[PDB]
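Below: one structure, written as structure tokens.
2 protein chains.
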Amino acid sequence: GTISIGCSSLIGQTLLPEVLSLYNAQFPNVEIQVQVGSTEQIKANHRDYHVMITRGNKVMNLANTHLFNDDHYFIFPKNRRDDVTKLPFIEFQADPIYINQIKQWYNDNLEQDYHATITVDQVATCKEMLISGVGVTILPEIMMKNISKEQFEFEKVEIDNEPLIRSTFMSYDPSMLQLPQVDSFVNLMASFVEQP
Amino acid sequence: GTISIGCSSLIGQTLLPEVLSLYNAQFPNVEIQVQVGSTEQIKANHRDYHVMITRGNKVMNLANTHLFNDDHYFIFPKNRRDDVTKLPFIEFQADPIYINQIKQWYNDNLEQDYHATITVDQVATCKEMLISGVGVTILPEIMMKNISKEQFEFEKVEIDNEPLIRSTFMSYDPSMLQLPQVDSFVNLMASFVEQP
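Residue numbers (the entry's author numbering), protein chains in the order written: chain A, 1 to 196; chain B, 1 to 196.
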């Protein structure tokens with residue numbers, strides 16, 4: 001049959017391709033439909049999906065399985081250079097708690113009032129803006145590949161000596177496990193997220 | 001003041017960061033808000049933006065400035081061109097005309113009836129699925145950085161010896177040119193898209 005997956009952009013570009021490589025190898029007769037959007041659009045449109053994968057909090061009224069947590073890093077140029085409070089900060093607008101945690105960190109760790117010059121609602125765009133030198137930002141660790149360790153310094157973001165983390169959840173209606181292609185997907189994801 | 005830009009994912013990750021590096025260097029007192037979404041969502045929510053940048057067709061009842069055209073390439077692992085009809089094809093669901101041109105091309109150029117095993121509505125995800133070996137696909141040339149020429153063969157997609165192209169447009173209400181931060185943006189984009 002067909003499986004329909006709804007996910008955020010970050011997930012579509014970092015988690016799902018490796019999952020689906022496995023999934024399609026094991027279950028080659030399943031047709032896969034992936035819809036990628038803003039988290040808000042995804043959750044709003046949950047009736048279009050058998051399974052959703054998103055970051056933040058659990059989705060109410062559904063089963064929610066914790067996939068993993070990600071650390072965060074403040075990223076700025078070595079090359080231009082470490083007088084960092086004069087560079088524009090790119091604020092990824094995750095949700096209000098996150099934004100506030102980041103503002104608090106910036107105020108505690110740097111030497112001026114927080115001010116976002118650029119706001120963006122997709123992490124991958126935030127990363128490319130960093131790479132193109134628009135400004136500095138905070139990225140989740142899973143997005144930190146292909147960032148030049150010779151152009152850029154990375155500082156782990158901790159609040160009250162606790163790492164700033166964000167959770168990824170897979171959410172679905174448990175009734176959907178009656179579809180063999182969905183049960184297969186969910187079982188595969190439970191093994192995928194375990195680490196040796 | 002503030003400028004609010006709506007764009008597709010592809011644009012947010014490939015065109016806009018270089019534009020905004022320039023824009024923010026020249027106009028450092030403008031606050032920039034970027035919303036990245038599915039084209040359909042972007043077009044639907046046009047009242048949230050001063051300017052939109054999208055691919056496909058012009059937006060009705062707005063000014064529309066053609067930015068550029070992109071060629072397309074069929075991409076598959078260097079193991080191998082004959083095996084290629086056995087690999088899953090990943091269908092980016094741009095719009096019906098595009099999908100149908102791709103289907104016609106596949107039928108005319110390969111040894112099998114067209115069938116998409118995976119459908120996806122974001123190009124960046126399509127590219128990551130290619131890189132992770134889920135299957136083969138067609139990408140616009142602007143997305144073809146960081147694809148290893150040692151793992152992958154690239155064949156240019158032409159139909160009736162005409163290259164398959166897709167257009168990028170900037171769309172806006174011409175009244176918005178009364179905002180200096182928007183007029184600045186639009187003038188800057190007009191220079192950016194010219195090639196020396």
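A virtual CB, placed ideally from N, CA and C, is assigned to each residue, including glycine.
(message) Let me confirm a value: B:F74 is counted as buried when at least 16 other C-beta atoms fall within 10 Å, else exposed. Which label applies?
(response) buried
(request) Compare the C-beta of A:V120 with all C-beta atoms of chain E and state if any pair is closer than 9 Å. (result) Among the protein chains of the structure shown, namely A and B, there is no chain E.
(request) Please name the residue, chosen from B:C7, B:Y114, B:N57 and B:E155, that lies closest to B:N100 on a Cα-to-Cα basis. (result) B:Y114
(message) Are the CB atoms of B:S171 and B:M52 within a distance shorter than 9 Å?
(response) yes
(request) Check each candidate in B:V36, B:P196 and B:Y98 and name the one with the smallest Cα separation from B:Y49. (result) B:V36
(message) Does A:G133 pass the burial test, meaning 16 or more other C-beta atoms within 10 Å, or should it be called exposed?
(response) buried
(request) Quick one: give me the first and last residue of the alpha helix (DSSP H) that B:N187 is part of. (result) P180 to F192
(message) Using a Cβ-Cβ cutoff of 8 Å, what residues of the stretch 8 to 35 of chain A are near chain B? List them in chain order.
(response) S9, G12, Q13, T14, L16, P17, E18, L20, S21, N24, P28, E31, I32, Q33, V34 and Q35
(request) Determine the direct distance from the alpha carbon of B:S9 to that of A:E128, and round the result to whole angstroms. (result) 11 Å
(request) Report the residue from A:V30, A:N79, A:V120 and A:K156 whose alpha carbon sits nearest the alpha carbon of A:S4. (result) A:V30
(request) Reducing DSSP to helix, strand and coil, say where B:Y23 ends up. (result) helix
(request) Take A:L16 as the anchor and find which of B:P180, B:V186, B:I118 and B:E153 has the nearest alpha-carbon. (result) B:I118
(message) Can you tell me whether A:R81 is buried or exposed? The criterion is at least 16 other CB atoms within 10 Å of its CB, across all chains shown.
(response) exposed
(message) According to DSSP, simplified to helix, strand and coil, what is residue 230 of chain B?
(response) It is not possible to answer for residue 230 of chain B, since the shown part of chain B is limited to 1 through 196.
(message) Could you compute how far the alpha carbon of A:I42 sits from the alpha carbon of A:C7?
(response) 7 Å
(request) With DSSP collapsed to three states, give me the class of A:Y106. (result) helix
(request) Could you check if A:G12 is buried or exposed, using at least 16 other CB atoms within 10 Å of its CB as the buried criterion? (result) buried
(message) For chain A, check one thing: does any of its Cβ atoms lie closer than 9 Å to the Cβ of B:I131?
(response) yes
(request) Output the boundary residues of the beta strand (DSSP E) element that contains B:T54. (result) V51 to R55
(message) Assuming B:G12 is part of the alpha helix (DSSP H), what are its boundary residues?
(response) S9 to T14
(message) Going by DSSP, what residue range makes up the alpha helix (DSSP H) through A:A44?
(response) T39 to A44
(message) List, in chain order, every chain A residue whose beta-carbon is nearer than 7 Å to that of B:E111.
(response) In chain order: nothing, as chain A lies at least about 19 Å away.
(message) Just list the residues that DSSP pairs B:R166 with in beta bridges.
(response) B:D70
(request) List the residues of chain A that B:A124 touches, going by C-beta distances under 7 Å, in chain order. (result) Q13 and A124
(request) Quick one: residues in its chain with C-beta nearer than 8 Å to the C-beta of B:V120, no 5 flanking neighbours on either side, listed in chain order? (result) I90, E91, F92, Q93, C126 and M129
(request) Please report the residue range of the alpha helix (DSSP H) in which A:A124 lies. (result) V123 to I131
(message) Cutting at 8 Å between CB atoms, please list the residues of its own chain near B:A124, excluding the five before and the five after it.
(response) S9, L10, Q13 and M143
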